[PDB]
Amino acid sequence: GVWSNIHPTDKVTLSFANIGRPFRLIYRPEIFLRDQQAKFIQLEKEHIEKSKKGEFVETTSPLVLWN
Amino acid sequence: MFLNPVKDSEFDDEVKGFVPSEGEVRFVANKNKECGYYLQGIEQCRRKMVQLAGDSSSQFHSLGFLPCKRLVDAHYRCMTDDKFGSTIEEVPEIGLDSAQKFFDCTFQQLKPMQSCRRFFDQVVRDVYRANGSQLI
Amino acid sequence: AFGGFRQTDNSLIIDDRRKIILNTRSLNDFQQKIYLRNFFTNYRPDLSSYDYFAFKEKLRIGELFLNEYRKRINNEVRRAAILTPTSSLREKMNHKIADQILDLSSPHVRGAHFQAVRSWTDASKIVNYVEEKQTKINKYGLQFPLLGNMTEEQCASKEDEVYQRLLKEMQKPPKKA
Amino acid sequence: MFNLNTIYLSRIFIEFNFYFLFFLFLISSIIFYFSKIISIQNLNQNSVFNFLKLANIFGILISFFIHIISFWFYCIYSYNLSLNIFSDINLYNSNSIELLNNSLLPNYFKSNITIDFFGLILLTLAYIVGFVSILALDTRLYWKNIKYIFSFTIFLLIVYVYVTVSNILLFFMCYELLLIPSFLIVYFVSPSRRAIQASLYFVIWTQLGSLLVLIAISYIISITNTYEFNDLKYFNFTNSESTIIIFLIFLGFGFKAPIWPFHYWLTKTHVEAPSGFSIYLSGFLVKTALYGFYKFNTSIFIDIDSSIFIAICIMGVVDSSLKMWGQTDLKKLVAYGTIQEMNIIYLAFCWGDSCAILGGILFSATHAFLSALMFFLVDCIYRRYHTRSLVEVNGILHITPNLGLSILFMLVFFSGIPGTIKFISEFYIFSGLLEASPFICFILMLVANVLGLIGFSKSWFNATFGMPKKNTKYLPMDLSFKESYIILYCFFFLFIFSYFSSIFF
Amino acid sequence: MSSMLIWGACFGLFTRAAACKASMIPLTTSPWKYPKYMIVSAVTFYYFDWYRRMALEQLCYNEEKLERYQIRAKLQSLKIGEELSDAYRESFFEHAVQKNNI
Amino acid sequence: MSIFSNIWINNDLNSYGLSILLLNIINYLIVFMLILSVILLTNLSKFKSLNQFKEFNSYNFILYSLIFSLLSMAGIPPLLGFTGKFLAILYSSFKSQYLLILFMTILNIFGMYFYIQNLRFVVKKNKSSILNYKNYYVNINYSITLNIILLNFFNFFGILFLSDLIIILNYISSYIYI
Amino acid sequence: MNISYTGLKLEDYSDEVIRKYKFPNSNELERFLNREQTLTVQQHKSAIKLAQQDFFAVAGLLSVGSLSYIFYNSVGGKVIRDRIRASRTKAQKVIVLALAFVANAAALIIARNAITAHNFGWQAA
Amino acid sequence: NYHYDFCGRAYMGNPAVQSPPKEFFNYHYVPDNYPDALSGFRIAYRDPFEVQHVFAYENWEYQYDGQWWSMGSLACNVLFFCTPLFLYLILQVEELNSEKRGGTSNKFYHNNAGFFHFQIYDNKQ
Ligand SMILES: CCCCCCCCCCCCCCCCCC(=O)OC[C@H](COP(=O)([O-])OCC(O)COP(=O)([O-])OC[C@@H](COC(=O)CCCCCCCCCCCCCCCCC)OC(=O)CCCCCCCCCCCCCCCCC)OC(=O)CCCCCCCCCCCCCCCCC
Ligand SMILES: CCCCCCCCCCCCCCCCCC(=O)OC[C@H](COP(=O)([O-])OCC(O)COP(=O)([O-])OC[C@@H](COC(=O)CCCCCCCCCCCCCCCCC)OC(=O)CCCCCCCCCCCCCCCCC)OC(=O)CCCCCCCCCCCCCCCCC
Ligand SMILES: CCCCCCCCCCCCCCCCCC(=O)OC[C@H](COP(=O)([O-])OCC(O)COP(=O)([O-])OC[C@@H](COC(=O)CCCCCCCCCCCCCCCCC)OC(=O)CCCCCCCCCCCCCCCCC)OC(=O)CCCCCCCCCCCCCCCCC
Ligand SMILES: CCCCCCCCCCCCCCCCCC(=O)OC[C@H](COP(=O)([O-])OCC(O)COP(=O)([O-])OC[C@@H](COC(=O)CCCCCCCCCCCCCCCCC)OC(=O)CCCCCCCCCCCCCCCCC)OC(=O)CCCCCCCCCCCCCCCCC
Ligand SMILES: CCCCCCCCCCCCCCCCCC(=O)OC[C@H](COP(=O)([O-])OCC[N+](C)(C)C)OC(=O)CCCCCCCCCCCCCCCCC
Ligand SMILES: CCCCCCCCCCCCCCCCCC(=O)OC[C@H](COP(=O)([O-])OCC[N+](C)(C)C)OC(=O)CCCCCCCCCCCCCCCCC
Ligand SMILES: CCCCCCCCCCCCCCCCCC(=O)OC[C@H](COP(=O)([O-])OCC[N+](C)(C)C)OC(=O)CCCCCCCCCCCCCCCCC
Ligand SMILES: CCCCCCCCCCCCCCCC(=O)OC[C@H](COP(=O)(O)O)OC(=O)CCCCCCCCCCCCCCC
Ligand SMILES: Nc1ncnc2c1ncn2[C@@H]1O[C@H](COP(=O)(O)OP(=O)(O)O)[C@@H](O)[C@H]1O
């Protein structure tokens, strides 16, 4: 309930299991991943624009991010 | 799975099992471990597209699952090591049938990814069996 | 996120695929994951989690099935001993029955040993044999109450399918030779 | 024909039995605390101690009945789940059924309950052995230790969370929680004066292994940030990490589950502990360690030879069996028997997740019941004859025929006669060990079932037989109904549990 | 359950009862201290909830800055000669040229 | 620290060891405060030797408060000191210091027995009289008893609320740019 | 996020590609969205309600039976209990004998019902 | 053959009659212990020799360093000491046999990919 309402995981597990990991990763992992992928997002956008255009870029092809 | 039908069978349906080569098993395991991100992405994007344009009256109802095309192509390239084409549509004829089965599993029947990964791995295994030394 | 443990060895690692050279002690978490820790720890690493759970269950059932073969042949030997007098008993046993008894020995069936030492190929073969038996049973749908669960509509559809299959098989002509 | 109704009934029963126990404990504690200014017994017929005893006893009993029902539901559920997974072979079809939680009670510690056959066997052992021990400690609880009437309810709650959780950290915490109540019981409830030192020895010896297991858990958690107990499938430990983890886990859990040479604390505690608490200790508190070792070693992939661990277990078995002869103290002799059986059980877990686990589980159950029986017999002997030494005790049969008969049948059951789960477990373990290493199996069987058996039987036969000519004015009468029915129930379980479904064994 | 105020009130009630039991005085002694303890506990625990949530938010914000320190600290921690190596040369130039935008 | 096309990824929080050290210091201070409050509630002149631990053999509140405080100092799992010791070992494992873990464990077990042995002396033949007399009656301080009760509650249930304290300590330490 | 319908035109993609990535029937889409392909959320809720009711009934019956048996058969020694039951009225004796048995039997029957799946529609032949 | 006069190093009680011990270890109870009062609470006076035997072994201790090797028989003591190594070496030889044949070896088998015995594996909506 209230004391654990901050996080779905239990308080004891939060206190002990998570050692050294960023609280940004523990809470709100999506924002952490998006910040990590910031440049990859623009690379993927440029790759999509070029693919719509005639050019096809193979260097950035693996960058297909969904989170 | 891993069962071959008996060509000369007294009854309608008979199957004899076979064990894939160690090289094939290693290749499939490594590629699954490396490209597991794309399969989860396919699942999540499928659910997202169904939620967004599931309703018939939705504006994007005519573009269903097209965004998942990039994920599917990326997964195919990752599994095949960027060889044998840069798109799923470029799959060889040996694995074309398995690719069609996978698409029916995923998008038409909307069956679990547990089920559809079987067909995707079947496509990969067919390509590997066809080539052998080309993938390793 | 997965992490790693600092390494102490001073060996050099060569990754021909990425065309780089690393040192074991200098590896970070991701590099350790990529180079070390990659080894397989199951018979069929290629299969997914659900697929390998099914594979494990089928392997266990196949081991039990081979043990059941051994138990059945032992029971048949007991039946032969009781029915037939000692005279001609060995003469009749020196047939399919004795060969099967020897062929179902410990290396082929794990009677009471803690572990059946099987290669991954052997496990795959056993699972394939179990799947062949399952397919043969499911052709006629004998697994509704045992070795299966289905709803009423599923049962009715399976009954219709099995009826059609039996009709087609009966209409088929005898196999030549 | 399996339907979702059975699945949800099983899950609901498992989840709600814990809350039943918790609410009973909470209400009893509230009454105890708020009925009196000072939480001690009022030496009169209208004391709250009677109500607390009633509540504890018939909360444990009712929860045990509900646990029987829930265990049967789990057996059906697991069998049908395996059938559902195995039966279907069509590639398109896959068993993906998702269950939605109830809206009545919350998930304790925000953890989804997962139940296994070994865990439920451990929980059933907890229930039964706790019932026996609480029935035993009535004469010990008096006027300042009545607060320990809830100790077995606390044990039940801890074990329930321990066995119905899929979290590594919660698992370890539940395993570690057991120390405080047991130490308090030994410290404040043991009549003998040597119990003061026995408690310290118990604490230190068990805490060394607890620290070892803590180091192993820290290695697992720091390297793998996961806690779900199943994400370890996707992470592989290097050879060095795996060997360190297995060594630490084995030594730490063997500190609790007595192994050679770490059984000095066990002998001291059994000798100097309450006769009612020794039953619970030997029966259950040494098997949580076995369960934890099984879970961890089956979760982790280990690429090391288990010859060293097997040798340690066999050495412990041989040591206990040889020392059995020289013990004139019945309680210490039973403690050595417990050491032997626990070492055999631990050896049964030295082959990873092989078929030896089934024999280990069955032997754990039979050892729990047999040790409960033996310690209860020792308790009766000590309580009616004011001594538990062979030199001072002789000719029990001729003055208390029922007690002598119980001793003789206990010896017969300990011998491992066919028709008993003891014999079944011995058969499993020895059948596996014969193919694993036949000469080692022969040595183990010879020692344990001849030399140790003879040493064990010598003292019990000498006590049962003879002629009690000494202190004729002070001789006791016989067993009471409570003791007689406890012995009969132990025998009945040891005999009839062999008919349990063979699917799980 | 969900109301920190109610949780604090219950905590204060039980604290008062436990204090009475420990002091061996009747639980009805100083009745006015029950509502006092309940109110004080409710208020303090409500404030502590708000403060823990604020501290978590501010820590999440500070971790963003701490990441910038880690990236630059890692580059400065490189052993002599590794700053121009193929594995760090591009990042070092990025942090020494592109970010030299003062 | 991982590099992927000049993109740095950091899955480690550097300002965590300092938080763990602060947590250990705070936990030790809390337990020391509990034991010293128990002592101050009673008469000070009685306690002058390890044998005098029997003098704590007084009514249940004092007796069990001392017992649980000693166990917490020793590091018994459910109590508060275990949180600090376990988190220290966890951080040592995270930093990959097996020898440091070994020496920490040796010191921990030796100190554990050092604390535990006093429970043997706590046993007393009778009930002690360690309370100061005021107005012809023993003086029991309600305020100190209440403080000891709060400390006992936190010592018992620190594991439940430790996540909030860890969050606060990490928040405080994050301001340090190390 | 670049995974969106924005910028997508059916002209760019081939007819076969569109047919492959075409939405399935509306019923299939609804089933997939609601996760009711095999079982309905209402079926799950009904099963949960039945499970909770069965657990409550079983636990209450077990408690009532156990307590009644204890209080009826825990009055004293054999002679005292026999004399008390002899002085006991007819209806009181009937309830004393029947209450515990009926409660325990009802609990056990309710437990057996769940494992016994008699209400299956395939019963025929 | 064992006689007290000629035993020398295989110690045992002397046959000669001895006076009862004046002082010996005795049963002691925790302070404020609740007496055990089963069967009328009748306690008999304990025999000094019997009590001495009861409490002798617990208090027995070695007088000097290294006495353990010499006491009893050196050969049997050394064999008992070396027993764990004998067991380990026998296990290793049996494992040599297992390796060269193909039977069960002493290793932690991992057939199940972390799947516990008959564990309930489920997901929630
Ligand atoms: C959504 C929320 C969900 C979560 C829940 C959150 C809420 C949690 C809390 C829940 C409870 C709510 C309580 C609200 C009021 C709180 C007020 C307050 O500040 O409290 C602390 C404060 C007490 O602290 P303190 O005295 O300042 O502390 C001194 C130190 O100890 C130092 O000690 P000392 O030794 O130095 O001195 C001892 C003390 C000795 O003195 C005392 O004994 C203290 C005073 C006690 C008696 C007070 C008078 C009572 C009668 C009149 C009350 C006012 C009218 C109420 C109108 C209600 C109409 C509906 O000395 C003094 O006299 C010093 C204080 C001077 C007097 C202070 C007067 C304050 C009056 C406050 C009135 C509150 C109600 C107002 C409501 C207005 C409505 C319009 O006030 C009280 O607690 C007053 C007593 C109230 C409880 C009485 C209990 C015994 C009688 C029970 C009778 C029950 C009958 C009905 C039965 C029904 C069931 C069958
Ligand atoms: C008047 C008070 C009435 C209270 C009613 C209950 C309400 C809750 C308590 C609130 C009290 C607030 C004020 C503090 C008073 C206590 C301190 C004191 O000095 O008082 C002196 C005051 C007067 O002094 P005295 O009585 O003369 O001196 C006696 C000494 O205190 C010696 O006494 P003692 O030996 O009896 O003391 C207890 C003894 C031993 O105490 C115990 O062993 C406690 C056993 C509790 C039963 C449940 C345990 C279940 C375990 C499952 C496994 C979980 C694993 C999780 C992973 C992490 C590891 C935990 O010491 C410990 O507690 C140390 C071991 C701690 C183990 C940690 C267990 C954590 C479990 C968390 C709750 C789980 C709930 C799940 C279900 C809900 C799901 C949504 O003492 C009393 O009146 C008696 C106090 C005894 C303890 C009361 C609490 C026991 C019942 C707890 C039920 C609720 C669960 C716990 C969570 C509570 C919220 C955080
Ligand atoms: C997981 C591990 C966790 C470890 C925890 C370690 C600590 C545990 C034990 C200590 C905790 C603090 C307990 C309260 C203070 C003691 C005095 C007291 O209030 O009782 C006497 C007083 C007794 O009254 P009485 O019996 O009617 O009459 C007494 C005398 O007759 C007449 O009395 P008087 O006239 O002489 O004096 C009355 C005055 C006496 O009060 C005092 O003088 C208080 C003395 C303590 C001062 C230090 C408090 C610091 C609080 C912050 C957190 C750190 C705590 C550190 C504690 C240990 C340090 C050595 O009473 C008050 O006003 C009490 C107010 C207490 C709340 C103070 C809040 C200050 C916050 C300041 C920082 C704010 C954040 C800034 C952020 C900056 C960002 C830029 O108690 C009450 O009135 C209520 C008693 C029952 C409810 C107590 C509720 C306590 C809640 C504690 C929450 C702790 C934090 C949240 C949990 C954290 C972990 C998850
Ligand atoms: C490494 C290669 C191995 C393979 C090659 C073949 C085997 C060679 C083994 C070595 C044989 C020759 C050396 C043995 C000398 C005696 C032992 C010794 O030193 O201890 C001090 C010896 C024993 O003193 P104590 O035991 O402290 O005092 C007892 C009093 O007698 C009072 O006693 P009590 O009247 O109360 O009666 C107790 C008596 C009776 O005790 C009993 O009835 C209880 C059971 C005792 C154990 C009986 C042996 C069972 C089978 C052993 C299997 C071991 C397997 C594990 C080791 C494998 C290593 C390969 O206890 C004794 O057994 C004591 C006598 C000495 C031990 C004899 C048995 C063990 C010897 C070692 C055998 C090793 C075999 C290895 C091959 C295994 C097969 C693969 O002290 C004396 O010198 C006093 C005289 C004692 C009688 C001596 C009998 C004549 C022995 C031959 C002498 C000439 C040796 C020339 C050596 C040449 C240079 C290399
Ligand atoms: C917000 C809601 C909070 C709910 C709090 C619950 C309050 C509980 C109060 C308990 C009071 C106990 C004493 C009652 C008076 C007894 C009078 C008496 O002896 O006369 C005989 C009468 C009737 O006796 P009888 O001779 O008719 O025997 C038949 C007994 N029954 C009716 C139960 C079938 O009362 C009883 O027998 C009641 C016995 C009560 C004690 C039971 C102890 C066993 C454990 C359960 C205790 C309660 C905990 C909660 C339930 C368990 C967990 C789910
Ligand atoms: C039995 C002793 C008395 C009872 C108390 C118990 C204390 C000992 C508990 C067991 C500790 C582990 C021992 C076995 C280790 C096996 C692995 C190994 O070291 O092989 C070299 C291993 C395995 O090497 P490898 O050759 O197999 O493979 C890796 C090889 N390289 C690195 C070259 C690629 O090598 C290492 O990486 C070195 C690790 C050394 C770790 C030693 C310290 C451990 C500290 C944590 C535990 C401390 C517990 C203390 C408890 C309190 C004591 C009072
Ligand atoms: C619009 C607002 C209107 C508000 C109106 C005012 C409401 C006032 C309510 C007062 C309730 C008092 C209940 C007393 C119960 C006593 C029970 C009993 O006898 O037990 C004795 C027992 C026994 O005490 P004892 O120690 O004397 O024991 C006697 C027994 N022998 C002889 C064996 C020793 O102790 C107690 O339980 C009494 C002390 C605890 C009292 C707790 C009171 C809590 C009150 C909470 C009020 C919450 C209000 C929230 C309002 C929110 C508004 C938004
Ligand atoms: C002994 C009867 C047992 C009946 C079987 C179900 C027992 C469930 C657990 C009950 C525990 C004690 C009450 C707790 C109250 C509380 O604080 O309960 C508080 C919580 C409130 O939960 P939330 O606040 O999260 O909503 O109660 C619940 O969650 C549900 C309580 C139980 C509901 C069923 C009640 C059945 C009544 C049967 C009456 C006849 C009994 C006859 C006995 C002889
Ligand atoms: N505890 C003992 N230790 C050694 N010898 C004993 C012991 N008890 C009896 N004996 C032996 O028993 C014999 C004496 O028998 P006993 O019953 O005492 O009759 P009595 O003393 O009248 O001869 C002696 O040989 C003596 O050595």
# chains A, B, ... in the order shown; residues from 1 in each chain; ligands from 1
$ residues_near_ligand --ligand "ligand 2" --cutoff "7 Å" --atoms "only C-alpha atoms and all ligand atoms" --output "ChimeraX atom specification"
/A:12 /D:19,22,26,29-30,33-34,38-39,106-109,147,154,157-158,161-162,170,173-174,177,180-181 /E:11,14-15,17-19,21-22 /F:60-61,64-65,78-79,148-150,152-153,156-157,159-160
$ write_last_selection --atoms "C-alpha atoms" --output "CSV table (one decimal), in the first residue's frame"
chain,number,residue,atom,x,y,z
A,12,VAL,CA,12.9,-4.8,1.0
D,19,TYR,CA,-4.0,-14.5,5.7
D,22,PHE,CA,-1.9,-13.9,10.0
D,26,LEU,CA,-2.8,-10.7,15.0
D,29,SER,CA,-1.6,-10.9,20.0
D,30,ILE,CA,-3.9,-7.9,20.2
D,33,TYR,CA,-1.3,-7.2,24.7
D,34,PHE,CA,-4.4,-5.2,25.5
D,38,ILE,CA,2.0,-6.6,32.0
D,39,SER,CA,2.1,-9.5,29.5
D,106,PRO,CA,-3.5,-7.9,-1.2
D,107,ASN,CA,-0.4,-9.8,-2.3
D,108,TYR,CA,1.9,-9.9,0.7
D,109,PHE,CA,5.1,-8.1,-0.1
D,147,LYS,CA,4.6,-15.0,25.1
D,154,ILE,CA,5.4,-17.1,13.7
D,157,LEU,CA,4.0,-17.6,8.7
D,158,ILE,CA,7.7,-17.4,8.0
D,161,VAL,CA,6.2,-16.8,2.9
D,162,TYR,CA,9.4,-18.8,2.4
D,170,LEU,CA,12.5,-12.7,0.2
D,173,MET,CA,15.2,-13.2,4.4
D,174,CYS,CA,12.6,-15.8,5.3
D,177,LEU,CA,14.2,-15.0,10.0
D,180,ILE,CA,15.4,-15.2,16.6
D,181,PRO,CA,12.4,-17.3,17.7
E,11,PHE,CA,1.2,4.1,14.7
E,14,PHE,CA,0.0,1.6,19.2
E,15,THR,CA,3.0,3.6,20.4
E,17,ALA,CA,-0.3,1.6,24.2
E,18,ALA,CA,3.2,0.2,24.1
E,19,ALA,CA,4.6,3.0,26.2
E,21,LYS,CA,2.7,-1.3,28.8
E,22,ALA,CA,6.5,-0.7,29.1
F,60,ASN,CA,10.4,-7.6,30.6
F,61,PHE,CA,10.7,-4.2,28.8
F,64,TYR,CA,14.1,-7.8,26.1
F,65,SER,CA,15.2,-4.3,25.0
F,78,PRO,CA,15.9,-9.5,11.3
F,79,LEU,CA,17.4,-6.5,13.3
F,148,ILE,CA,13.3,3.3,23.7
F,149,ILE,CA,10.0,2.0,22.3
F,150,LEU,CA,10.4,4.0,19.1
F,152,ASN,CA,12.8,-0.8,19.4
F,153,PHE,CA,10.1,-0.5,16.7
F,156,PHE,CA,12.6,-4.5,14.6
F,157,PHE,CA,11.1,-3.1,11.3
F,159,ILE,CA,14.0,-3.7,6.8
F,160,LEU,CA,10.5,-2.7,5.8
$ residues_around --residues "residue D:449" --least-positions-apart "5" --cutoff "12 Å" --atoms "only C-alpha atoms" --output "PyMOL selection string"
chain D and resi 317-318+320-322+324+337+340-341+414-417+423+426+430+441-444+454-457
$ closest_residue --among "B:74, B:6, B:52, B:1" --to "chain A" --atoms "only C-alpha atoms"
B:74
$ atom_distance --atom1 "atom CA of residue E:36" --atom2 "atom CA of residue F:41"
23.8 Å
$ select_by_dssp --residues "stretch 171-334 of chain D" --states "strand (DSSP E or B)" --output "CSV table (one decimal) with N, CA, C and O atoms, in the first residue's frame"
chain,number,residue,atom,x,y,z
D,192,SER,N,17.2,-26.9,31.7
D,192,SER,CA,18.6,-27.1,32.1
D,192,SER,C,19.4,-25.9,32.0
D,192,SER,O,19.2,-25.0,31.2
D,224,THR,N,24.1,-10.3,-10.9
D,224,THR,CA,22.9,-10.3,-11.6
D,224,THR,C,21.9,-9.4,-10.7
D,224,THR,O,21.5,-9.8,-9.6
D,259,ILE,N,26.3,-31.1,9.1
D,259,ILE,CA,27.2,-31.9,8.3
D,259,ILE,C,28.5,-32.0,9.1
D,259,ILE,O,28.8,-31.1,9.9
D,262,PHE,N,30.5,-29.9,11.3
D,262,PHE,CA,29.7,-28.9,11.9
D,262,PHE,C,28.4,-29.5,12.5
D,262,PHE,O,27.3,-29.3,11.9
D,305,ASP,N,33.1,-30.8,-10.1
D,305,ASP,CA,32.9,-32.2,-9.6
D,305,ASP,C,32.3,-32.1,-8.2
D,305,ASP,O,32.9,-31.4,-7.3
D,329,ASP,N,23.2,-41.5,26.5
D,329,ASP,CA,22.1,-40.6,26.6
D,329,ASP,C,21.2,-40.7,25.4
D,329,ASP,O,21.6,-40.6,24.3
$ residues_around --residues "residue G:69" --least-positions-apart "6" --cutoff "10 Å" --atoms "only C-alpha atoms" --output "list in words"
residues 63, 96, 97, 98, 99, 100 and 101 of chain G
$ interface_residues --of "chain C" --to "chain H" --cutoff "9 Å" --atoms "only C-alpha atoms" --output "list in words"
residues 41, 42, 43, 49, 52, 53, 56, 107, 113, 114, 115, 116 and 117 of chain C
$ residues_near_ligand --ligand "ligand 8" --cutoff "7 Å" --atoms "only C-alpha atoms and all ligand atoms" --output "ChimeraX atom specification"
/D:19-20,23-24,104-106 /G:56-57,59-60,63-64
$ residues_around --residues "residue A:22" --least-positions-apart "6" --cutoff "10 Å" --atoms "only C-alpha atoms" --output "list in words"
residues 29 and 32 of chain A; 59, 60, 63, 64 and 67 of chain E; 10, 11, 12, 13, 14, 15, 16 and 170 of chain F
$ interface_residues --of "chain A" --to "chain C" --cutoff "10 Å" --atoms "only C-alpha atoms" --output "mmCIF file with N, CA, C and O atoms, in the first residue's frame"
data_model
loop_
_atom_site.group_PDB
_atom_site.id
_atom_site.type_symbol
_atom_site.label_atom_id
_atom_site.label_comp_id
_atom_site.auth_asym_id
_atom_site.auth_seq_id
_atom_site.Cartn_x
_atom_site.Cartn_y
_atom_site.Cartn_z
ATOM 1 N N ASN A 18 18.643 -3.945 -5.541
ATOM 2 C CA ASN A 18 19.218 -2.905 -6.391
ATOM 3 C C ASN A 18 20.438 -2.315 -5.695
ATOM 4 O O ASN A 18 20.304 -1.561 -4.726
ATOM 5 N N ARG A 21 22.692 0.477 -9.095
ATOM 6 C CA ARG A 21 21.970 0.867 -10.298
ATOM 7 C C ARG A 21 21.339 2.246 -10.112
ATOM 8 O O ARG A 21 20.902 2.585 -9.009
ATOM 9 N N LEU A 25 17.074 4.398 -13.481
ATOM 10 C CA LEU A 25 16.779 3.094 -14.061
ATOM 11 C C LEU A 25 15.748 2.337 -13.232
ATOM 12 O O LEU A 25 14.893 1.640 -13.788
ATOM 13 N N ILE A 26 15.815 2.453 -11.905
ATOM 14 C CA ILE A 26 14.857 1.744 -11.059
ATOM 15 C C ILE A 26 13.451 2.304 -11.258
ATOM 16 O O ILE A 26 12.489 1.552 -11.453
#
$ select_by_dssp --residues "chain E" --states "helix (DSSP H, G or I)" --output "PyMOL selection string"
chain E and resi 4-23+33-77+82-84+89-98
$ residues_near_ligand --ligand "ligand 1" --cutoff "7 Å" --atoms "only C-alpha atoms and all ligand atoms" --output "number ranges by chain"
E: 5-6, 9, 31-36, 38-39, 42
$ residues_around --residues "stretch 5-13 of chain H" --least-positions-apart "2" --cutoff "12 Å" --atoms "only C-alpha atoms" --output "VMD selection string"
chain H and resid 1 to 3 15 to 18 53 67 to 74
$ closest_atom_pairs --of "chain C" --to "chain E" --cutoff "12 Å" --atoms "only C-alpha atoms" --output "Markdown table"
| residue | atom | partner | partner_atom | distance |
| --- | --- | --- | --- | --- |
| C:20 | CA | E:87 | CA | 10.0 |
| C:21 | CA | E:87 | CA | 10.9 |
| C:22 | CA | E:87 | CA | 11.0 |
$ residues_near_ligand --ligand "ligand 7" --cutoff "6 Å" --atoms "only C-alpha atoms and all ligand atoms" --output "PyMOL selection string"
(chain D and resi 35-37) or (chain E and resi 26-28)
$ residues_near_ligand --ligand "ligand 6" --cutoff "10 Å" --atoms "only C-alpha atoms and all ligand atoms" --output "ChimeraX atom specification"
/C:5-11,24-25 /D:208-216,219,238-252,255,261-262,303-304 /F:93,97-110
$ residues_around --residues "stretch 41-53 of chain A" --least-positions-apart "4" --cutoff "9 Å" --atoms "only C-alpha atoms" --output "PyMOL selection string"
(chain A and resi 34+37+57-58+60-61+63-65) or (chain G and resi 1-2+12)
$ atom_distance --atom1 "atom CA of residue D:400" --atom2 "atom CA of residue D:469"
13.8 Å
$ decode --residues "stretch 8-21 of chain E" --atoms "C-alpha atoms" --output "PDB file, in the first residue's frame"
ATOM      1  CA  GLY E   8       0.390   7.592  11.381  1.00  0.00           C
ATOM      2  CA  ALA E   9      -2.656   7.771  13.640  1.00  0.00           C
ATOM      3  CA  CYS E  10      -2.585   3.994  14.089  1.00  0.00           C
ATOM      4  CA  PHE E  11       1.164   4.122  14.724  1.00  0.00           C
ATOM      5  CA  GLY E  12       0.674   6.774  17.400  1.00  0.00           C
ATOM      6  CA  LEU E  13      -2.106   4.797  19.070  1.00  0.00           C
ATOM      7  CA  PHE E  14       0.014   1.646  19.203  1.00  0.00           C
ATOM      8  CA  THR E  15       3.046   3.634  20.377  1.00  0.00           C
ATOM      9  CA  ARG E  16       1.035   5.069  23.269  1.00  0.00           C
ATOM     10  CA  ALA E  17      -0.272   1.615  24.186  1.00  0.00           C
ATOM     11  CA  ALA E  18       3.244   0.152  24.068  1.00  0.00           C
ATOM     12  CA  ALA E  19       4.600   3.012  26.186  1.00  0.00           C
ATOM     13  CA  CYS E  20       1.916   2.378  28.801  1.00  0.00           C
ATOM     14  CA  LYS E  21       2.701  -1.347  28.808  1.00  0.00           C
TER      15      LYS E  21
END
